[PDB]
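Trainee: One structure follows; several queries about it will come next.
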RNA sequence: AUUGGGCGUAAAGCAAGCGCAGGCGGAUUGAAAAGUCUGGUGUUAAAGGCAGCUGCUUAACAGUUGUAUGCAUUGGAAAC
RNA sequence: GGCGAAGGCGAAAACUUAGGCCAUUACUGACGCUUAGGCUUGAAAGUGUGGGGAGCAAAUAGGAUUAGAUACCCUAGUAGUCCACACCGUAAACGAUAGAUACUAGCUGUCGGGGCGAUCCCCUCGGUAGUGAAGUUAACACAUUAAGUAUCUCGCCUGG
RNA sequence: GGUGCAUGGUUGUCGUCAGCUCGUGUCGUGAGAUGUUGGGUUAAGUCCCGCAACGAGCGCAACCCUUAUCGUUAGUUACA
């Protein structure tokens, strides 16, 4: 639970006689052991928006599984024309990634990883693509169970 | 879910 | 462009602050300017005294300046070193033939009096404290004091130019348009090093139904 | 044992060619009637599953909720079920968010009960106009919250007589992980409803029948007698706004 | 953008058809072995890149040993 | 609604003539898709020669409104719009969606062939539309006639 | 003396116009939408039905003053 923000954005919708300046923030929540969630919310002030985003993220959490501190098979995250790639790095290289990717992977209790940004660079789409790529990970024990070759095959 | 509790 | 809430419900739900009378248009101006010097003198000299309001009682060369404050020790001082000084200052600023015999009385639940809250906001703003946290803390303390919603709006240089960026807060039923609301109002002029900061605090202390007239 | 196949004299039939095609499992190949008939053995199996689940839920001493919104018959039906068995129920339009958000409605039901007791203790202290105004608001609140008033936590089980017409209720129930059982007619989407009951709900005779078996199933777990379930023959004969004419236009 | 992009509205499907050369291409059997894989031999100068060691008071560096990559010949495999 | 590959095709007849769909116990036996170059067709405007000119109408003249009006309006008005032989080869030549093939829920019409047969309706194989999920898309939206899952080939794009 | 293009406070205008927003939740990759829309009645977002919305604040009315009837306490420096 570090709750490190990634990108706060200054948004505003027009209105008769003035500009409704109601900026929004994005947060990442992770227990450094497998719990990951994200949440985007808007408010008139920084603390209100931060609190709302943390509540939204922590309310909707979802788990991930760890094998030697890294992803074990290469996977590409296709979501909203903004691709993010993961690769099973060897134990020594350590964490390397962009801003939002490093935030997500570090808060995921992870370790060494290889990533490369593809497509656009808007943080929300990167977060969505990375999360999709990390949750379509199909566990080796799962495919072992759903196959007749469960005995280490 | 099989059964409640 | 709205009328002051204190002056709208004045004389129909709130008693007058300076009750007195004299000969017609002869020297009431003199008393009006002289007694007011006490009212401003308290609020200027004793910031930390947390004086809420003072009542003036004049009739044919006699004066009774009632005082309501949360910390009377500052007014009294140590072993009554300050009460004599304050009473002699009031005498020197009012004259010589009028008996004074002032009193100092405690206020019940001070944290729901607008004047001292505005004074504390001005002190916090002039102390380079960021406006948001201090205003939120004061809001929390006044709400916890056991009153109704609050309406604090502050204008001035909010740590920079482009002053027209005032901040306002509302956290409960505050019907300004209702005469039968018993709404207390006060204003303070925080004086920061960059300019003038105006703080306004509206406090609701419950409805005033069945009160008949001024208490 | 439990509503033998003879008693389901009118339990199959729906409007022609409006069925969701992903339910090809339950419906046999189409015939002249063009109303998608259902297999009764799997129907009895589904009834057994629902019975043994709601019985255990009631043994857990939780809270279950009932839903009925169609025009007259199902509303009177759920009212009768509520007055017969101590069950939470909803008779008017679903208020769009009863379960997904609960703090904004618990305050409302608390206000309802507080004003009910305020009326109960007020000996005409206020004016008659003031008395009339409060009672009108009481009537308003009972019109919407007369059912869900004796609950404290989120309902751990809810029933729906028509998931298509109650897509809001089933969607809200599926936002959470709580179970839901529905009279899944041949036009619904089974991916949402947990326990599928492929029965007929447009016709009057079948909805009351299955609602009564479920009500007795939850009642028997409370020791109460079973009016329409497990009871055998020459019974289960329900008064009928006659059940005929399946096709709709 | 072979791995590693696109062509409805953002640049981009020729106005359409007949079409040779080119690319691609039904199922089964036989052979050959041009593609394909693999074993042996020859060669792919030295310096340099990589790894280890030694010597400069230690590195920069120098020396030291192994190291890839392709090509040609020869012997087999027959799934495409 | 039908046909054609596209442009397009609607008073009636005769001759010549093209392609398409359904069923095939028939036949050749991979002879099939795409296509650089090439060839053919290709709305209207326009041009060369000879006719034709009822209506309409660029250019032009006059009468109106406007400050101006060489425009919108009105009255005249030639080339042209028509036909015969050639030339020009451009259009938002639009489904803004290249061709060929296999697979992928369903519902509502409509048109043709076939079986059954008073029409209506039963269904089979096709062509043309609407609604609609998984799926795709940046969204609009497409969605068995794909902008879906894939292959083959060609053409084309690389800021204004 | 200057800077109302550094201000507080005060004030004009839309305008006594009926609007302006927030909390929770839902939908949307998003700015955002949903309440505030649709149907009736009012000067009024005033109320009532329906409705993925449920509630809340500012804003309207109401509590205030004055005129319009009567009862009562009081009778002068009114009245008679």
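Neighbour counts are summed over all protein chains in view; Cβ atoms, including those assigned to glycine, are modelled from backbone coordinates with ideal geometry. No lab work stands behind these numbers, since they all come straight from the coordinates.
Trainee: For region C:15-108, build the convex hull from the C-alpha positions and give me its volume per residue in Å³. Don't jump to the answer; show the numbers that get you there.
Mentor: Values: hull volume 9.0 nm³, N = 94.
Once divided by residue count, the hull of region C:15-108 is 96 Å³.
Trainee: Mind sorting D:184, D:208 by how few other Cβ atoms lie within 10 Å of their own Cβ, fewest first?
Mentor: D:208, D:184
Trainee: Would you mind classifying region D:31-85 by shape? Square roots of the alpha carbon gyration tensor eigenvalues, ordered a ≥ b ≥ c; an a/c under 1.5 is rounded, otherwise it is prolate if a/b is larger than b/c and oblate if not.
Mentor: Oblate, since a/c reaches 1.5 and b/c is not below a/b.
Trainee: What's the FRET efficiency of residue C:80 with residue C:215 using the Cβ-Cβ distance as r and R₀ = 25 Å, to the nearest 0.05?
Mentor: On the way: r = 32 Å, r/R0 = 1.28.
So, using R0 = 25 Å, E works out to roughly 0.20.
Trainee: What is the angle, in °, between the Cα long axis of helix C:81-94 and the longest principal axis of the Cα atoms in chain C? Nearest 10 is fine, range 0 to 90.
Mentor: 70 degrees
Trainee: I need the shape label for region D:168-249. Rule: rounded when a/c is under 1.5, else prolate if a/b > b/c, else oblate, with a, b, c from the alpha carbon gyration tensor.
Mentor: On the way: a/c = 2.92, a/b = 1.17, b/c = 2.49.
It is oblate, given that a/c is not under 1.5 and a/b is not larger than b/c.
Trainee: Right, another one. From the P(r) of chain D, could you give the percentage of C-alpha pairs in the tail past 25 Å?
Mentor: On the way: 14557 of 30876 pairs.
Within chain D, distances greater than 25 Å cover 47 percent of Cα pairs.
Trainee: Also, I was wondering about something else. Let me know the volume per residue of the alpha-carbon convex hull for chain C, in Å³.
Mentor: 158 Å³
Trainee: Treating each Cα of region C:1-63 as an identical point scatterer and ignoring solvent, apply the Debye formula and state log10 I(q)/I(0) at q = 0.14 Å⁻¹.
Mentor: Ignoring solvent entirely, the Cα scatterers give -0.55.
Trainee: What percent does the relative contact order of chain D come to when contacts are Cα pairs within less than 8 Å and at least six residues apart? Intermediate results must be reported in sequence, preceding the final value.
Mentor: On the way: 338 pairs, mean separation 67.0, N = 249.
The normalised contact order for chain D reaches 27 percent.
Trainee: With the radius of gyration and the Kirkwood radius both derived from the Cα set of region A:1-144, what is their ratio Rg to Rh?
Mentor: Value, to two decimals: 1.04.
Trainee: Another question about this same structure. For the Cα atoms of chain D, what angle does the longest principal axis make with the long axis of helix D:128-145, in degrees from 0 to 90, nearest 10?
Mentor: The two axes meet at around 30 degrees.
Trainee: Ranked by Cβ crowding within 10 angstrom, fewest neighbours first, how are A:62, D:202 ordered?
Mentor: In order of increasing Cβ crowding within 10 Å: A:62, D:202.
Trainee: What is the list of residues in region D:147-179 whose amide nitrogen lies under 19 Å from a point 7 angstrom out from the Cα of residue D:102, following Cα to Cβ?
Mentor: Residues D:147-160, D:169-179 fall inside that zone.
Trainee: If you don't mind, there's one more thing I want to ask. Compute the long axis of helix A:46-59 from its Cα atoms, compare it with the longest principal axis of the Cα atoms of chain A, and write down the angle in degrees, 0 to 90, nearest 10.
Mentor: The two axes meet at around 30 degrees.
Trainee: Something else now. How large is the helix-only mean residue ellipticity at 222 nm for the protein assembly as shown, computed as the sum of -39500 (n - 2.57) over DSSP H runs with n ≥ 4, divided by its residue count, in deg cm²/dmol to the nearest 500?
Mentor: Calculated from helices alone, the mean residue ellipticity at 222 nm is -10500 deg cm²/dmol.
Trainee: Round to a whole angstrom and tell me the spacing of the C-alpha centers of region D:189-221 and region C:154-215.
Mentor: What the calculation gives is 60 Å, centre to centre.
Trainee: How do A:60, A:24 line up, fewest other C-beta atoms within 10 Å first?
Mentor: In increasing order of surrounding Cβ atoms, one gets A:60, A:24.
Trainee: Starting from one equal scatterer on each C-alpha and no solvent at all, send me the Debye-based log10 I(q)/I(0) for region C:163-215 at q = 0.28, 0.29 Å⁻¹, two decimals.
Mentor: -1.19, -1.23
Trainee: So, one more: Over the Cα atoms, compute the radius of gyration (one decimal) and Dmax (the largest Cα-Cα distance, rounded to a whole number) for region C:109-215, in Å.
Mentor: Computed over the Cα atoms of region C:109-215, radius of gyration and Dmax are 14.7, 49 Å.
Trainee: Give the shape of region D:69-124 as rounded, prolate or oblate, defined through the alpha-carbon gyration tensor: a ≥ b ≥ c are the square roots of its eigenvalues, a/c under 1.5 means rounded, and otherwise the shape is prolate if a/b is larger than b/c and oblate if not.
Mentor: Oblate, since a/c reaches 1.5 and b/c is not below a/b.
Trainee: Shifting gears a bit: Could you tell me the ratio Rg/Rh of the protein assembly as shown? Both radii from Cα atoms, Rh via Kirkwood.
Mentor: In the protein assembly as shown, Rg relative to Rh is 1.12.
Trainee: If I model a spin label as a point 7 Å beyond the Cα along the Cα-Cβ vector, how far apart are those points for residue C:105 and residue D:126 in nm?
Mentor: Distance between label points: 3.5 nm.
Trainee: Within 10 Å of each Cβ in peptide C:179-186, how many partner chain Cβ atoms are there on average? Round it to a whole number, please. Display every interim value, and only then the final one.
Mentor: Working: counts 0, 0, 0, 0, 0, 0, 0, 0.
Per residue, the number of nearby Cβ atoms from other chains is 0 on average.
Trainee: Continuing with this model, one more query. How large is the Rg to Rh ratio of region A:1-59 when both quantities use alpha carbon positions and Rh follows Kirkwood?
Mentor: Using only Cα positions, Rg/Rh for region A:1-59 is 1.10.
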